[PDB]
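Peer 1: Need a 3D model of the following:
(chains A, B, C, D, E, F, G and H, ligands or ions: 51)
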Amino acid sequence: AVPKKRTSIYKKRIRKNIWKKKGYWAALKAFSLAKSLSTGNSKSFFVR
Amino acid sequence: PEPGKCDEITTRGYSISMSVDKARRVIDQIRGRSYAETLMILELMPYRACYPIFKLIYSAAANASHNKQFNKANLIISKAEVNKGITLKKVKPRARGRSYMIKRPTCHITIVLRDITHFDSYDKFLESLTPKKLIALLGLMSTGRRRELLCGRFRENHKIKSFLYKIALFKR
Amino acid sequence: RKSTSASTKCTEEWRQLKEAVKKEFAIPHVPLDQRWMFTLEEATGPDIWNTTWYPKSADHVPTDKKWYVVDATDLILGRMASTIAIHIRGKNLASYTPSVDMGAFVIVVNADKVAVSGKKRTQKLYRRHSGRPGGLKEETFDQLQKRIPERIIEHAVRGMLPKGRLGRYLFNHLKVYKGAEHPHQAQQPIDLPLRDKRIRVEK
Amino acid sequence: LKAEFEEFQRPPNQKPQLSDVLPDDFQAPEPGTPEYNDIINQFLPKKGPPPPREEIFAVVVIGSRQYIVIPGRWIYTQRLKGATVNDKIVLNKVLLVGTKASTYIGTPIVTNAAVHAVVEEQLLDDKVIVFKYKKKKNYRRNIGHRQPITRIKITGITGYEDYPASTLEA
Amino acid sequence: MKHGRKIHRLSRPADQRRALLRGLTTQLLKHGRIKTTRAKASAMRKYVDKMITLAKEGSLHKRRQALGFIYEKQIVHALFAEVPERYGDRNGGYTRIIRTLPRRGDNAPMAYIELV
Amino acid sequence: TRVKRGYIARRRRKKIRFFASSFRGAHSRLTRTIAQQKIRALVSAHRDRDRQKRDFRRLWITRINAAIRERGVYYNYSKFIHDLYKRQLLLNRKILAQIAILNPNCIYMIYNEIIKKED
RNA sequence: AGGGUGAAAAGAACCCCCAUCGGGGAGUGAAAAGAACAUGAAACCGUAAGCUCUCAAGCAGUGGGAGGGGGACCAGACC
RNA sequence: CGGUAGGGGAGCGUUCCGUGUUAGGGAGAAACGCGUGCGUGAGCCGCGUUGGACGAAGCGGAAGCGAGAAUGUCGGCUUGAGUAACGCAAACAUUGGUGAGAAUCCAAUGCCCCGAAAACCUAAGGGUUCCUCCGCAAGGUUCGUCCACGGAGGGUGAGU
Ligand SMILES: [Mg+2]
Ligand SMILES: [Mg+2]
Ligand SMILES: [Mg+2]
Ligand SMILES: [Mg+2]
Ligand SMILES: [Mg+2]
Ligand SMILES: [Mg+2]
Ligand SMILES: [Mg+2]
Ligand SMILES: [Mg+2]
Ligand SMILES: [Mg+2]
Ligand SMILES: [Mg+2]
Ligand SMILES: [Mg+2]
Ligand SMILES: [Mg+2]
Ligand SMILES: [Mg+2]
Ligand SMILES: [Mg+2]
Ligand SMILES: [Mg+2]
Ligand SMILES: [Mg+2]
Ligand SMILES: [Mg+2]
Ligand SMILES: [Mg+2]
Ligand SMILES: [Mg+2]
Ligand SMILES: [Mg+2]
Ligand SMILES: [Mg+2]
Ligand SMILES: [Mg+2]
Ligand SMILES: [Mg+2]
Ligand SMILES: [Mg+2]
Ligand SMILES: [Mg+2]
Ligand SMILES: [Mg+2]
Ligand SMILES: [Mg+2]
Ligand SMILES: [Mg+2]
Ligand SMILES: [Mg+2]
Ligand SMILES: [Mg+2]
Ligand SMILES: [Mg+2]
Ligand SMILES: [Mg+2]
Ligand SMILES: [Mg+2]
Ligand SMILES: [Mg+2]
Ligand SMILES: [Mg+2]
Ligand SMILES: [Mg+2]
Ligand SMILES: [Mg+2]
Ligand SMILES: [Mg+2]
Ligand SMILES: [Mg+2]
Ligand SMILES: [Mg+2]
Ligand SMILES: [Mg+2]
Ligand SMILES: [Mg+2]
Ligand SMILES: [Mg+2]
Ligand SMILES: [Mg+2]
Ligand SMILES: [Mg+2]
Ligand SMILES: [Mg+2]
Ligand SMILES: [Mg+2]
Ligand SMILES: [Mg+2]
Ligand SMILES: [Mg+2]
Ligand SMILES: [Mg+2]
Ligand SMILES: [Mg+2]
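Peer 2: Residues are numbered from 1 along each chain as shown, chains lettered A, B, ... in the order given. Ligands and ions are numbered 1, 2, ... in the order given. Below is the structure:
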């Protein structure tokens, strides 16, 4: 099965934005994690 | 002249071997964020791109410090963009004599750091004033001083720009 | 949280300034009631006399609209629904415009007492379709009128309204009740004029 | 000089201060003082009162279109043949004359009524593109048209009064 | 589906998964702490403990059972030596699991399994 | 003497593109599409400058019918117009529509003249 | 298939980020024109500012133009 | 005074030649971008916080002289898509080491695979791929401190 047409500039821009939104949740996990390791109180976590 | 002259440090990384989309997926996050936060984030992110972007940002910090002498605490990332670089094509063989094209995309990344506290004198003072008070205050000073006062980020943030040109407060 | 920081304060202040200066120099609105040809102010304005009048946003504001009530008892379905459609659409005001809602609100009451000629009570057929095959459903007019009788008049007026955006948005101005009572007494409904001869059936 | 000074001080010395551009000399005029209100009147003027016209309007026929004219205003019409800029012309076909006090309705015309107007200009219209096109018959014709137009100014509406008025009197 | 299938598959077939787990335990008992992937660690808990509980009894029978699990004799004998001493009072729970920054190459979540 | 086409093309294209500003999507981008879209635009324009003259008479008449219907029980557009003619008045429909909205009382008067005289 | 930095390599000392590349200052230069370097269109990829879309059916425009915004001097106009 | 096939009339532009080593032009030409300018249109005329050295008008001459279609043709760039795939179901694991950076480079310890080969050697062929030191742009289907890759310097010894 192929693409009978070519995908319109704007619609593609939306699909790719969706795929870029995942970076946003990973940025929240990353931020929360740094704020954890930045109090040095976690015994479950370790860094070297 | 322009706020672009005072606040800003620009830094271009050239030919980073991230493909533009991947690199965008990081850069969209750090746009508008304090230099500190942006550091820690780019330290712990999963993606590969974050590492070159990091080296970059750290550099632009050193430049705002050493050259234009800015306080690192007051740095935010004002404007950051990625643009396509020089693509290198290579042909590979496929099943049944067909070939195909591989592209190994590069990109330029432009990070523009902007100090917040620069202009703050004019800033907070002009915030202090009600809209009538401010006009009455500018009723004294010469064209020189008017231009020198309002040349901050002020007119833009509060969206006065086209208003003051209509009040005959200015020349273009 | 609404920041009271000097920044947002300043911004609202300034915006009210812009709004002030834009309200001072702009041409005043003069509503259409015994409104004479022109005010000495408009006469400085753009040409509204040799161009066709078109309504501005001050006119059609929803709060102003007439309310109306139709007692549907012993009225004939269609003939009434036409009149209703006319008033909802606005076609009886000199100010009518196809592209705008100048229309009324209409409240239809006693929607089970509505009258219909011929054998229609047992014949006229309200069908609706699921969208699956063999998804057709049919009601006689009367089953309907016993089950949810408002749908009858809603469905007869919706047919005579325009279709499309302004159509649907219009149809929301038709307020129907099965009882003799409506909770709109606050809106002060006037009664609806009927110039039709045959609209009133007698037994 | 305060521009050259504050620009050289925002040049040489990075991170400019408010004390230097605005000295502490200036406290601003007090919000209730005359010297506050002359400034605030200068920069934020109050809307000026509308210029006087007669309250009157007439429906007049030019080039077989019917205009509503109110005096003091200019309108666009068909080119008037052999009319020159700064010319006094009288429009003699007058169907209706309103005054908020009365209205004169002609049968067909208001007799003796005349509209004095002056021809302020002779123009050409905005170019209208007339475009003839037939699909697949491989025929298109692009042709501009600019109509000639006359821009006239209504001065006054006169010689009605004798004609019988009507009015709504309740 | 799996409802109440509890085993750790580690994305390997049966044989391999066995051998992997045996290996990882002779490693943990040799070095006392190691760095692995979160899944491998969590899976390895059970077998660590099986070995320790094994050594707590000390019978020739048990020792032959452990010998036939761990790869290296020396580590087994040392286990039967140390364990009564070190763990005698501890009822269960012989391992700590401390997670870290994920791996660079694949971004697989890592972990540190400690003999506690 | 060899002649490269040079800018003779690109100018034409550009002067077309200017036309097609603010067309959604690829109608504002690609030359080849833009061409067509220009033509169609020009065409509709021409068509609807004719439709226009139809539609405002539509409108005007409608509004007039509305404005009159208020007075008599039995009064119409049709009746009205016929009466305007047998009374010999020249007012066209634009003027009666604009006077219907912007000076309602006037239209009441006119109606009162037609009535008085038909009486 | 791959031409055109500058008149002259004067091809960027020194400091900063710094494992290199790459960069930001300073210095050379009429100009940075900074070596992937001269004019540099379109597709295509973005970033910022003005208006605007989440009850909607549509070769995407056109005639009418509500509401909002912008640069004016014929401020009734233009965008 | 609708108009296809089709015929006739009137024009516009492009590069070049004559006038001409022209008028004009580092006080900014061509070009590129703009216009509330003028044309029935092809287009012209005016303007530039671009550009950096050429070159009109008029009256004439000549053509490699006007593109949206040729499954045309050459380059560039998209869409599909951050999708399919990453080339066997011998299997890796951990501790150290080097390093700016290690699932992938080195070593050790286990574990696993081939063993009429997945071992060692020789013909043909390839042609320096062999060895050492340096490197990590491109190549390597990821990585990369590594390499059959790149740079330098070596290396093949016969009376049988
Ligand atoms: Mg083959
Ligand atoms: Mg292929
Ligand atoms: Mg044909
Ligand atoms: Mg087996
Ligand atoms: Mg097996
Ligand atoms: Mg158990
Ligand atoms: Mg040539
Ligand atoms: Mg050609
Ligand atoms: Mg538009
Ligand atoms: Mg440098
Ligand atoms: Mg290194
Ligand atoms: Mg360098
Ligand atoms: Mg410099
Ligand atoms: Mg210099
Ligand atoms: Mg260039
Ligand atoms: Mg709905
Ligand atoms: Mg909506
Ligand atoms: Mg829609
Ligand atoms: Mg004809
Ligand atoms: Mg013809
Ligand atoms: Mg023909
Ligand atoms: Mg020419
Ligand atoms: Mg030429
Ligand atoms: Mg000369
Ligand atoms: Mg020029
Ligand atoms: Mg030339
Ligand atoms: Mg020209
Ligand atoms: Mg010419
Ligand atoms: Mg030169
Ligand atoms: Mg010449
Ligand atoms: Mg030319
Ligand atoms: Mg040829
Ligand atoms: Mg082509
Ligand atoms: Mg094809
Ligand atoms: Mg191609
Ligand atoms: Mg793509
Ligand atoms: Mg798919
Ligand atoms: Mg899938
Ligand atoms: Mg897959
Ligand atoms: Mg495949
Ligand atoms: Mg493989
Ligand atoms: Mg075997
Ligand atoms: Mg081999
Ligand atoms: Mg060998
Ligand atoms: Mg050989
Ligand atoms: Mg080689
Ligand atoms: Mg080797
Ligand atoms: Mg490499
Ligand atoms: Mg690689
Ligand atoms: Mg190294
Ligand atoms: Mg080599």
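Peer 1: Next, residue 12: secondary structure please.
Peer 2: No chain specified, so I'll use chain A. Classification of residue A:12 by DSSP: H, G, I helix; E, B strand; the rest coil places it in helix.
Peer 1: try residue D:156
Peer 2: Classification of residue D:156 by three-state DSSP places it in strand.
Peer 1: For it, give its distance to residue D:117.
Peer 2: Using Cβ to Cβ, to the nearest Å, we find residue D:156 at a distance of 8 Å from residue D:117. Just so you know, the C-beta spots here come from the backbone N, C-alpha and C atoms, and that holds for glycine as well.
Peer 1: Between the two, tell me which one has more neighbours.
Peer 2: Neighbour count, other Cβ atoms under 10 Å in any protein chain shown: between residue D:156 and residue D:117, residue D:117 has more, with 25 against 13.
Peer 1: Remind me which helix or strand residue D:116 belongs to.
Peer 2: Using DSSP states H and E, residue D:116 sits in strand D:114-124.
Peer 1: Do that strand and chain C come into contact?
Peer 2: No: judged by Cβ under 8 Å from any Cβ of the partner chain, strand D:114-124 and chain C are separated, with a smallest distance of 14.2 Å.
Peer 1: Which other helices and strands does that strand contact?
Peer 2: Under the contact criterion of 3 or more Cβ pairs under 8 Å, 6 or more residues apart in numbering or on different chains; DSSP states H and E, strand D:114-124 touches strand D:88-91, strand D:148-158.
Peer 1: For it, give me every contacting residue.
Peer 2: D:58, D:60, D:69, D:74, D:79-80, D:83-92, D:94, D:146-159 (Cβ atoms under 8 Å, 6 or more residues apart in numbering or on different chains).
Peer 1: sec struct for residue D:96, please.
Peer 2: With three-state DSSP as the criterion, residue D:96 reads strand.
Peer 1: what's the neighbour count on it?
Peer 2: Counted with other Cβ under 10 Å, residues neighbouring residue D:96 total 25.
Peer 1: Could you pull out the helices in chain F for me?
Peer 2: F:8-17, F:31-69, F:77-86, F:93-102, F:104-118 (DSSP state H).
Peer 1: Now do the same contact list for residue E:45.
Peer 2: Residue E:45 neighbours (Cβ under 8 Å, 6+ apart): E:95, E:97, E:113.
Peer 1: if we go to 7 Å?
Peer 2: By Cβ atoms under 7 Å, 6 or more residues apart in numbering or on different chains, residue E:45 lies in contact with residue E:95.
Peer 1: And the one 4 residues further on, by the same measure?
Peer 2: When contacts are counted by Cβ under 7 Å, 6+ apart, residue E:49 touches E:92, E:94, E:95.
Peer 1: Relative to chain D, how far out is the residue of chain E found nearest chain F?
Peer 2: Residue nearest to chain F within chain E: residue E:107 (38.9 Å; Cβ to the nearest Cβ). Distance, residue E:107 to chain D, by Cβ to the nearest Cβ, to the nearest Å: 43 Å.
Peer 1: what do you get for residue A:27?
Peer 2: Distance, residue A:27 to chain D, by Cβ to the nearest Cβ: 32 Å.
Peer 1: ok, how many other residues are close to the closest residue to that residue other than its chain neighbours?
Peer 2: In space, and not counting its chain neighbours, residue A:27 is closest to residue B:29: 4.3 Å by Cβ to Cβ, 6 or more residues apart in numbering or on different chains. Using other Cβ under 10 Å, residue B:29 has 25 other residues around it.
Peer 1: same thing with residue D:126?
Peer 2: 8.
Peer 1: Relative to residue C:201, how far out is it?
Peer 2: Distance, residue D:126 to residue C:201, using Cβ to Cβ: 59 Å.
Peer 1: same check, this time on residue B:113
Peer 2: From residue B:113 to residue C:201 the distance is 82 Å (Cβ to Cβ).
Peer 1: of the two, who's got more company?
Peer 2: residue B:113 (25 against 12).
Peer 1: A strand includes that one, no?
Peer 2: Yes: membership of residue B:113 in a strand is supported by three-state DSSP.
Peer 1: Could you look up the SS state of the residue lying closest to it once chain neighbours are set aside?
Peer 2: Computed as Cβ to Cβ, 6+ apart, the closest residue to residue B:113 that is not its neighbour in sequence is residue B:9, at 4.6 Å. Counting by three-state DSSP, the backbone at residue B:9 sits in strand.
Peer 1: helix, strand or coil for the closest residue to chain A within chain C?
Peer 2: Going by Cβ to the nearest Cβ, chain A is nearest to residue C:1 of chain C, at 20.7 Å. Following three-state DSSP, the label given to residue C:1 is coil.
Peer 1: which helix is the longest one in chain C?
Peer 2: Chain C, longest helix under DSSP H: helix C:6-25.
Peer 1: wait, does that one contact chain D?
Peer 2: Yes: for helix C:6-25, a contact with chain D is found by Cβ under 7 Å from any Cβ of the partner chain, at C:21, C:24, C:25.
Peer 1: Reformat these as JSON lines; add neighbour count.
Peer 2: JSON lines is the format used below for the residues of helix C:6-25 next to chain D (neighbours: other Cβ atoms under 10 Å in any protein chain shown):
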{"residue": "C:21", "neighbour count": "15"}
{"residue": "C:24", "neighbour count": "11"}
{"residue": "C:25", "neighbour count": "10"}
